[PDB]
$ cat work_5.pdb   # PDB, C-alpha atoms
ATOM      1  CA  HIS A   1     175.642 -22.617 101.950  1.00  0.00           C
ATOM      2  CA  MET A   2     174.784 -24.764 104.991  1.00  0.00           C
ATOM      3  CA  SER A   3     171.042 -24.080 105.554  1.00  0.00           C
ATOM      4  CA  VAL A   4     168.345 -26.772 106.113  1.00  0.00           C
ATOM      5  CA  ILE A   5     166.580 -27.347 102.777  1.00  0.00           C
ATOM      6  CA  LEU A   6     162.871 -26.505 102.938  1.00  0.00           C
ATOM      7  CA  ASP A   7     159.878 -27.792 100.949  1.00  0.00           C
ATOM      8  CA  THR A   8     157.140 -25.519  99.715  1.00  0.00           C
ATOM      9  CA  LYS A   9     155.181 -25.793 103.044  1.00  0.00           C
ATOM     10  CA  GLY A  10     158.275 -24.466 104.853  1.00  0.00           C
ATOM     11  CA  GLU A  11     159.195 -27.859 106.331  1.00  0.00           C
ATOM     12  CA  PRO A  12     162.662 -29.448 106.276  1.00  0.00           C
ATOM     13  CA  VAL A  13     163.196 -31.909 103.437  1.00  0.00           C
ATOM     14  CA  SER A  14     163.724 -35.448 104.605  1.00  0.00           C
ATOM     15  CA  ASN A  15     166.832 -37.610 104.434  1.00  0.00           C
ATOM     16  CA  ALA A  16     166.110 -41.074 102.957  1.00  0.00           C
ATOM     17  CA  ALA A  17     162.393 -40.752 103.431  1.00  0.00           C
ATOM     18  CA  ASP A  18     159.261 -39.242 101.813  1.00  0.00           C
ATOM     19  CA  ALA A  19     158.874 -38.222  98.113  1.00  0.00           C
ATOM     20  CA  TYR A  20     159.140 -34.851  96.436  1.00  0.00           C
ATOM     21  CA  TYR A  21     158.308 -33.064  93.184  1.00  0.00           C
ATOM     22  CA  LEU A  22     160.835 -30.644  91.699  1.00  0.00           C
ATOM     23  CA  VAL A  23     158.640 -27.858  90.492  1.00  0.00           C
ATOM     24  CA  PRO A  24     160.226 -25.533  87.961  1.00  0.00           C
ATOM     25  CA  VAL A  25     160.611 -21.848  88.753  1.00  0.00           C
ATOM     26  CA  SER A  26     163.131 -20.826  86.086  1.00  0.00           C
ATOM     27  CA  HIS A  27     162.526 -22.287  82.634  1.00  0.00           C
ATOM     28  CA  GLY A  28     161.317 -25.772  81.828  1.00  0.00           C
ATOM     29  CA  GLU A  29     157.876 -27.231  81.711  1.00  0.00           C
ATOM     30  CA  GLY A  30     156.641 -30.611  82.850  1.00  0.00           C
ATOM     31  CA  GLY A  31     156.994 -33.450  85.354  1.00  0.00           C
ATOM     32  CA  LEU A  32     160.090 -35.510  85.968  1.00  0.00           C
ATOM     33  CA  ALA A  33     160.248 -38.413  83.559  1.00  0.00           C
ATOM     34  CA  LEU A  34     162.663 -40.839  81.992  1.00  0.00           C
ATOM     35  CA  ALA A  35     163.416 -40.440  78.282  1.00  0.00           C
ATOM     36  CA  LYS A  36     165.506 -42.106  75.616  1.00  0.00           C
ATOM     37  CA  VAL A  37     168.581 -40.212  74.638  1.00  0.00           C
ATOM     38  CA  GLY A  38     170.494 -40.844  71.451  1.00  0.00           C
ATOM     39  CA  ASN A  39     170.644 -44.464  70.335  1.00  0.00           C
ATOM     40  CA  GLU A  40     169.725 -46.097  73.704  1.00  0.00           C
ATOM     41  CA  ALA A  41     166.602 -48.312  73.261  1.00  0.00           C
ATOM     42  CA  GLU A  42     165.387 -47.989  76.827  1.00  0.00           C
ATOM     43  CA  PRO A  43     164.701 -44.608  78.507  1.00  0.00           C
ATOM     44  CA  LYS A  44     167.415 -43.668  81.098  1.00  0.00           C
ATOM     45  CA  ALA A  45     167.849 -39.899  80.816  1.00  0.00           C
ATOM     46  CA  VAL A  46     166.192 -37.691  83.492  1.00  0.00           C
ATOM     47  CA  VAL A  47     163.931 -35.039  81.892  1.00  0.00           C
ATOM     48  CA  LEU A  48     161.113 -32.655  82.475  1.00  0.00           C
ATOM     49  CA  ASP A  49     158.339 -33.692  80.102  1.00  0.00           C
ATOM     50  CA  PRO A  50     155.446 -31.256  79.533  1.00  0.00           C
ATOM     51  CA  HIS A  51     153.232 -34.313  78.808  1.00  0.00           C
ATOM     52  CA  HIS A  52     153.979 -36.345  81.976  1.00  0.00           C
ATOM     53  CA  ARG A  53     152.061 -34.784  84.806  1.00  0.00           C
ATOM     54  CA  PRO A  54     152.398 -35.151  87.710  1.00  0.00           C
ATOM     55  CA  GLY A  55     155.529 -37.001  86.705  1.00  0.00           C
ATOM     56  CA  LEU A  56     157.912 -38.796  88.970  1.00  0.00           C
ATOM     57  CA  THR A  57     158.893 -38.078  92.565  1.00  0.00           C
ATOM     58  CA  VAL A  58     162.346 -38.159  94.133  1.00  0.00           C
ATOM     59  CA  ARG A  59     163.976 -38.985  97.437  1.00  0.00           C
ATOM     60  CA  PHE A  60     167.226 -37.451  98.719  1.00  0.00           C
ATOM     61  CA  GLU A  61     169.718 -39.696 100.476  1.00  0.00           C
ATOM     62  CA  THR A  62     172.856 -39.533 102.651  1.00  0.00           C
ATOM     63  CA  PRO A  63     174.309 -42.094 105.156  1.00  0.00           C
ATOM     64  CA  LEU A  64     174.688 -39.263 107.680  1.00  0.00           C
ATOM     65  CA  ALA A  65     172.740 -40.130 110.862  1.00  0.00           C
ATOM     66  CA  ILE A  66     170.174 -37.325 110.540  1.00  0.00           C
ATOM     67  CA  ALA A  67     166.540 -37.146 109.485  1.00  0.00           C
ATOM     68  CA  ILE A  68     166.708 -34.042 107.214  1.00  0.00           C
ATOM     69  CA  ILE A  69     169.012 -32.567 104.572  1.00  0.00           C
ATOM     70  CA  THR A  70     170.951 -29.315 104.349  1.00  0.00           C
ATOM     71  CA  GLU A  71     172.750 -27.491 101.491  1.00  0.00           C
ATOM     72  CA  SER A  72     176.112 -28.769 102.866  1.00  0.00           C
ATOM     73  CA  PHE A  73     175.429 -32.504 102.524  1.00  0.00           C
ATOM     74  CA  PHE A  74     176.488 -34.630  99.557  1.00  0.00           C
ATOM     75  CA  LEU A  75     173.462 -36.622  98.362  1.00  0.00           C
ATOM     76  CA  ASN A  76     172.245 -39.415  96.142  1.00  0.00           C
ATOM     77  CA  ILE A  77     168.981 -38.569  94.353  1.00  0.00           C
ATOM     78  CA  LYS A  78     166.677 -41.384  93.276  1.00  0.00           C
ATOM     79  CA  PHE A  79     163.100 -41.879  92.067  1.00  0.00           C
ATOM     80  CA  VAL A  80     160.559 -43.182  94.454  1.00  0.00           C
ATOM     81  CA  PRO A  81     159.570 -45.831  93.725  1.00  0.00           C
ATOM     82  CA  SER A  82     162.692 -46.859  91.662  1.00  0.00           C
ATOM     83  CA  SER A  83     162.812 -50.182  89.624  1.00  0.00           C
ATOM     84  CA  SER A  84     165.712 -51.404  91.743  1.00  0.00           C
ATOM     85  CA  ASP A  85     166.982 -50.584  95.197  1.00  0.00           C
ATOM     86  CA  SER A  86     170.378 -49.466  93.854  1.00  0.00           C
ATOM     87  CA  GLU A  87     169.077 -47.125  91.161  1.00  0.00           C
ATOM     88  CA  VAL A  88     170.228 -43.487  91.506  1.00  0.00           C
ATOM     89  CA  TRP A  89     170.864 -40.399  89.469  1.00  0.00           C
ATOM     90  CA  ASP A  90     174.328 -39.789  88.049  1.00  0.00           C
ATOM     91  CA  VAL A  91     175.946 -37.656  85.328  1.00  0.00           C
ATOM     92  CA  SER A  92     177.729 -38.946  82.278  1.00  0.00           C
ATOM     93  CA  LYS A  93     178.669 -37.986  78.706  1.00  0.00           C
ATOM     94  CA  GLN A  94     175.714 -38.675  76.490  1.00  0.00           C
ATOM     95  CA  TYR A  95     175.439 -37.523  72.927  1.00  0.00           C
ATOM     96  CA  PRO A  96     173.760 -35.250  71.757  1.00  0.00           C
ATOM     97  CA  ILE A  97     172.846 -33.788  75.179  1.00  0.00           C
ATOM     98  CA  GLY A  98     176.205 -33.356  76.894  1.00  0.00           C
ATOM     99  CA  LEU A  99     176.773 -34.253  80.489  1.00  0.00           C
ATOM    100  CA  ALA A 100     173.285 -35.781  80.980  1.00  0.00           C
ATOM    101  CA  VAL A 101     171.594 -36.718  84.199  1.00  0.00           C
ATOM    102  CA  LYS A 102     170.732 -40.434  83.825  1.00  0.00           C
ATOM    103  CA  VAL A 103     169.670 -43.284  86.088  1.00  0.00           C
ATOM    104  CA  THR A 104     172.249 -45.977  86.917  1.00  0.00           C
ATOM    105  CA  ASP A 105     172.325 -49.111  89.153  1.00  0.00           C
ATOM    106  CA  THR A 106     175.887 -48.270  90.223  1.00  0.00           C
ATOM    107  CA  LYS A 107     175.512 -46.350  93.461  1.00  0.00           C
ATOM    108  CA  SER A 108     178.261 -44.655  95.526  1.00  0.00           C
ATOM    109  CA  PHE A 109     177.986 -44.752  99.291  1.00  0.00           C
ATOM    110  CA  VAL A 110     177.923 -40.975  99.349  1.00  0.00           C
ATOM    111  CA  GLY A 111     176.339 -39.364  96.274  1.00  0.00           C
ATOM    112  CA  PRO A 112     177.702 -36.539  94.129  1.00  0.00           C
ATOM    113  CA  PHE A 113     174.942 -33.963  94.377  1.00  0.00           C
ATOM    114  CA  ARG A 114     174.131 -31.022  96.556  1.00  0.00           C
ATOM    115  CA  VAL A 115     170.871 -29.094  96.675  1.00  0.00           C
ATOM    116  CA  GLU A 116     171.786 -25.389  96.953  1.00  0.00           C
ATOM    117  CA  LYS A 117     169.599 -22.244  97.383  1.00  0.00           C
ATOM    118  CA  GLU A 118     169.368 -20.274  94.196  1.00  0.00           C
ATOM    119  CA  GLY A 119     167.134 -17.362  93.478  1.00  0.00           C
ATOM    120  CA  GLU A 120     163.471 -18.116  94.247  1.00  0.00           C
ATOM    121  CA  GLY A 121     164.193 -21.823  94.890  1.00  0.00           C
ATOM    122  CA  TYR A 122     166.926 -24.448  94.707  1.00  0.00           C
ATOM    123  CA  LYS A 123     169.248 -25.953  92.061  1.00  0.00           C
ATOM    124  CA  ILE A 124     171.132 -29.233  91.965  1.00  0.00           C
ATOM    125  CA  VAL A 125     174.916 -29.059  91.750  1.00  0.00           C
ATOM    126  CA  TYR A 126     177.023 -32.045  90.614  1.00  0.00           C
ATOM    127  CA  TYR A 127     180.487 -32.659  92.088  1.00  0.00           C
ATOM    128  CA  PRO A 128     182.691 -35.104  90.149  1.00  0.00           C
ATOM    129  CA  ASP A 129     185.460 -34.243  92.700  1.00  0.00           C
ATOM    130  CA  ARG A 130     184.249 -33.236  96.241  1.00  0.00           C
ATOM    131  CA  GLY A 131     187.363 -31.090  96.892  1.00  0.00           C
ATOM    132  CA  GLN A 132     186.517 -28.956  93.908  1.00  0.00           C
ATOM    133  CA  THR A 133     183.742 -26.612  92.617  1.00  0.00           C
ATOM    134  CA  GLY A 134     180.622 -28.309  91.195  1.00  0.00           C
ATOM    135  CA  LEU A 135     178.719 -27.961  87.944  1.00  0.00           C
ATOM    136  CA  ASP A 136     175.112 -26.801  88.181  1.00  0.00           C
ATOM    137  CA  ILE A 137     172.386 -28.929  86.651  1.00  0.00           C
ATOM    138  CA  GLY A 138     170.492 -26.954  83.964  1.00  0.00           C
ATOM    139  CA  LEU A 139     168.190 -27.967  81.113  1.00  0.00           C
ATOM    140  CA  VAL A 140     168.687 -28.797  77.446  1.00  0.00           C
ATOM    141  CA  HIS A 141     165.475 -28.374  75.465  1.00  0.00           C
ATOM    142  CA  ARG A 142     165.245 -31.042  72.783  1.00  0.00           C
ATOM    143  CA  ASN A 143     162.452 -33.337  71.426  1.00  0.00           C
ATOM    144  CA  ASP A 144     159.724 -31.363  73.253  1.00  0.00           C
ATOM    145  CA  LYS A 145     161.473 -32.335  76.543  1.00  0.00           C
ATOM    146  CA  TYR A 146     163.934 -30.671  78.948  1.00  0.00           C
ATOM    147  CA  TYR A 147     166.958 -32.913  79.570  1.00  0.00           C
ATOM    148  CA  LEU A 148     168.688 -32.380  82.917  1.00  0.00           C
ATOM    149  CA  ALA A 149     172.380 -31.878  82.193  1.00  0.00           C
ATOM    150  CA  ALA A 150     175.445 -30.310  83.803  1.00  0.00           C
ATOM    151  CA  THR A 151     176.069 -26.788  82.562  1.00  0.00           C
ATOM    152  CA  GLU A 152     178.339 -23.788  82.925  1.00  0.00           C
ATOM    153  CA  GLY A 153     175.370 -21.481  82.228  1.00  0.00           C
ATOM    154  CA  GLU A 154     171.894 -20.928  83.804  1.00  0.00           C
ATOM    155  CA  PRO A 155     170.836 -23.639  86.330  1.00  0.00           C
ATOM    156  CA  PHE A 156     167.500 -25.385  86.466  1.00  0.00           C
ATOM    157  CA  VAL A 157     165.751 -23.761  89.410  1.00  0.00           C
ATOM    158  CA  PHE A 158     162.855 -25.464  91.234  1.00  0.00           C
ATOM    159  CA  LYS A 159     160.925 -25.554  94.480  1.00  0.00           C
ATOM    160  CA  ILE A 160     160.623 -28.793  96.388  1.00  0.00           C
ATOM    161  CA  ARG A 161     157.021 -29.968  96.881  1.00  0.00           C
ATOM    162  CA  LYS A 162     156.307 -32.883  99.255  1.00  0.00           C
ATOM    163  CA  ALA A 163     154.052 -35.456  97.598  1.00  0.00           C
ATOM    164  CA  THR A 164     150.761 -36.991  98.841  1.00  0.00           C
TER     165      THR A 164
END
$ encode --input "work_5.pdb" --output "structure tokens"
Amino acid sequence: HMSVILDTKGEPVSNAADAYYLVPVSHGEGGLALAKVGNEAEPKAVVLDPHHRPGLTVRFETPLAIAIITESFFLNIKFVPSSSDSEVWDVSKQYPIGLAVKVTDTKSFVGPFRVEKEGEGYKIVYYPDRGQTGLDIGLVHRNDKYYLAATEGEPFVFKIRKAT
């Protein structure tokens, strides 16, 4: 799993540049969005929301001196635009979802994610320890939304569409 990652026009996906939609192929309906989870007053959980279209766009990032990403690189994922420069995706325990994908201002120099080919598209895989196997990101359907969350079961599969 070391291939260049391609968008839906067949072009390499950029490192630390451009903006992309993650367009569902498996299950899941809607655009990327932030949602409240549990008893948090401000929305920080990353979701697909059938009623936010087009929804948010993301940027992939690694400090490696290269202009594109591959399935072998460990990445930060962030919204573009994001409310602060340090804001990135991360995974943490969040009731009642599980190991939810949420936004945080704590950013590691090298991120914990890889984008790996799966089926018709790509999935995200989260690595709490880089010397060990990762946990796929799948979806938890709740509150008419699809919460991104680590899973042992079916991953969320998407194609990568470059934005305007």
$ closest_residue --input "work_5.pdb" --among "A:100, A:135, A:25, A:64" --to "residue 37 (chain A)" --atoms "all atoms listed in the file"
A:100
$ resolve_selection --input "work_5.pdb" --expression "the PyMOL selection byres ((chain A and resi 3-15) around 7)" --output "PyMOL selection string"
chain A and resi 1-2+16-18+60-62+66-71+159-162
$ residues_around --input "work_5.pdb" --residues "region 138-151 of chain A" --least-positions-apart "4" --cutoff "9 Å" --atoms "all atoms listed in the file" --output "PyMOL selection string"
chain A and resi 27-30+35+37+45-51+91-92+97-102+123-126+155-157
$ atom_distance --input "work_5.pdb" --atom1 "CA of residue 107 (chain A)" --atom2 "CA of residue 78 (chain A)"
10.1 Å
$ atom_distance --input "work_5.pdb" --atom1 "CA of residue 23 (chain A)" --atom2 "CA of residue 84 (chain A)"
24.6 Å
$ atom_distance --input "work_5.pdb" --atom1 "CA of residue 164 (chain A)" --atom2 "CA of residue 82 (chain A)"
17.1 Å
$ axis_aligned_box --input "work_5.pdb" --around "region 96-104 of chain A" --padding-each-side "3 Å" --output "JSON"
{"center_x": 173.2, "center_y": -39.7, "center_z": 79.3, "size_x": 13.1, "size_y": 18.6, "size_z": 21.2}
$ closest_residue --input "work_5.pdb" --among "A:115, A:58, A:137, A:19" --to "residue 88 (chain A)" --atoms "only C-alpha atoms"
A:58
$ resolve_selection --input "work_5.pdb" --expression "the PyMOL selection byres ((chain A and resi 130) around 12)" --output "list in words"
residues 72, 73, 74, 75, 110, 111, 112, 113, 114, 125, 126, 127, 128, 129, 131, 132, 133, 134 and 135 of chain A
$ resolve_selection --input "work_5.pdb" --expression "the PyMOL selection byres ((chain A and resi 54) around 8)" --output "count of residues only"
7
$ closest_residue --input "work_5.pdb" --among "A:158, A:87, A:106, A:76" --to "residue 120 (chain A)" --atoms "all atoms listed in the file"
A:158
